[PDB]
Each structure stands twice: as C-alpha cells, then as structure tokens.
Amino acid sequence: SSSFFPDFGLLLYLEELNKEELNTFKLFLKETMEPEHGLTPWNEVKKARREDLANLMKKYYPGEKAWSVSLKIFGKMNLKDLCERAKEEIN
Amino acid sequence: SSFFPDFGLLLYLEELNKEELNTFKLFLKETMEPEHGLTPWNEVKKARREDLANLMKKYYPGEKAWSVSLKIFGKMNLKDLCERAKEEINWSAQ
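Sequence lines, in order, name chains A and B.
Using my numbering, you'd call the opening residue of the first sequence number 1 and step up by one each time.
Using my numbering, you'd call the opening residue of the second sequence number 1 and step up by one each time.
Written as structure tokens, this is what we have:
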C-alpha cells in the first residue's frame, strides 16, 4: 500500500499554512463533510489544532481518501487565492 | 449549462501568469499520462489559454474537467508550499 499522507505529509503542509489559511482549510473541509457527516463533526474541526486536524482527516477519510480530499481543498484554496488576486487586479 | 467548463476553466486559466500556466500544463501532462500517454503533450505544451481550455473539455467533458482542474490547482498549491518548507527546513537549497 501507499500514500501515507495524513501521517507524514499533511501535518507539514498544515504547519506551512498561516492562521487565516488554516481556517480556510477547515472551512472547505466543512463543505465536503457536511453533506455526508452534517455539522456534527464540525465543532471538532474548527477548534482542532493542526495535529488534531490531521488525526480527524485520518479518521473520517481513511486510505487515499485523505489525500484526494486534501488535494481538492488545496485546489479550491488556490482558486480562492486566484479569485482574490484577480479581484485585486480589477481594482 | 455547465459554468465551469465554458467560462470557469477559461477565466482562472486566464488569471494564471506565464510561469503558473506552464506548471499547470506540466501537472496536466502528469494527469493525462495514464490514459493518453505523451501523445497530446506536444499540443498542450504550446497551446494558448483558449486552446488549452478547449483541449480539456475534449478529454474531460462534463464534471470530468472540474475534478481534473481542481486536483491540478491543488498540486500547484502544494508545490508552492513544498518549495517554501524546503527552504525553511534547509537554508542552503534553492
């Protein structure tokens, strides 16, 4: 098997995130989780510190799911960066 | 209606600077390989923003384009973060 993302990857990249980006990460996670987990696991995520957040991902999204979901979240965060940046270019 | 494929993909693809676009194509090359090989690569590499958007709709119609685009943009974000951590972990690599 492979792609031990939550244990060896995720925590490093979450740490590289600033406070705002980390919240944005949590926000996009809430979006992908709610339709399937509702807002029940949400409270843990918002207050979850980076290492706690990594554990949560491993819990709810086992196997390569954590990697796939993370990539999509990082993608949207990137789109948000681009949208905000384009919005900056328009003004 | 499909907003992402017709106007979405092209819009943010348009927001990419020259270097960011090359990284995008490179990640696309990586994503297309398992089924299309390096056959469409020569076309993708030189394709301007409008042509590139058209190519993806061809190979990835419907929600195919969205999933592929999101992951490509994600890999781009990770690459930026990876480069930064790499310098923070080791002050002598660049």
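Virtual Cβ for every residue (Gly too), placed ideally from N, Cα, C.
Boundaries (first-last residue) of the alpha helix (DSSP H) holding residue i
i: A/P35; result: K19 to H37
i: A/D7; result: Taken as a continuous stretch (DSSP letters only), A/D7 belongs to no alpha helix (DSSP H), as it is neither H nor E.
i: B/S69; result: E63 to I89
i: A/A54; result: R50 to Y60
Member of the options whose CA lies at the smallest distance from the CA of residue i
i: B/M32; options: B/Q94, B/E83, B/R48 and B/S67; result: B/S67
i: B/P5; options: B/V44, B/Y60, B/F73 and B/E20; result: B/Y60
i: A/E44; options: A/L17, A/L71, A/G63 and A/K26; result: A/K26
i: A/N23; options: A/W42, A/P35, A/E36 and A/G63; result: A/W42
Inter-residue Cα distance where the pair is residue i and residue j
i: B/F27; j: B/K75; result: 7 Å
i: A/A54; j: A/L10; result: 7 Å
i: A/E15; j: B/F3; result: 34 Å
i: A/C83; j: B/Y12; result: 8 Å
i: B/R49; j: B/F73; result: 15 Å
i: B/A85; j: A/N18; result: 13 Å
i: B/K57; j: B/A47; result: 14 Å
i: A/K80; j: B/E19; result: 19 Å
i: B/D51; j: A/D52; result: 44 Å
i: B/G62; j: B/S69; result: 12 Å
i: B/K45; j: A/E36; result: 39 Å
i: A/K72; j: B/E87; result: 25 Å
i: B/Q94; j: B/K29; result: 25 Å
Residue i, buried or exposed, once every other Cβ within 10 Å from all chains shown has been counted against 16
i: B/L38; result: exposed
i: A/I90; result: exposed
i: A/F8; result: exposed
i: A/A66; result: buried
i: B/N77; result: buried
i: A/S1; result: exposed
i: B/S92; result: exposed
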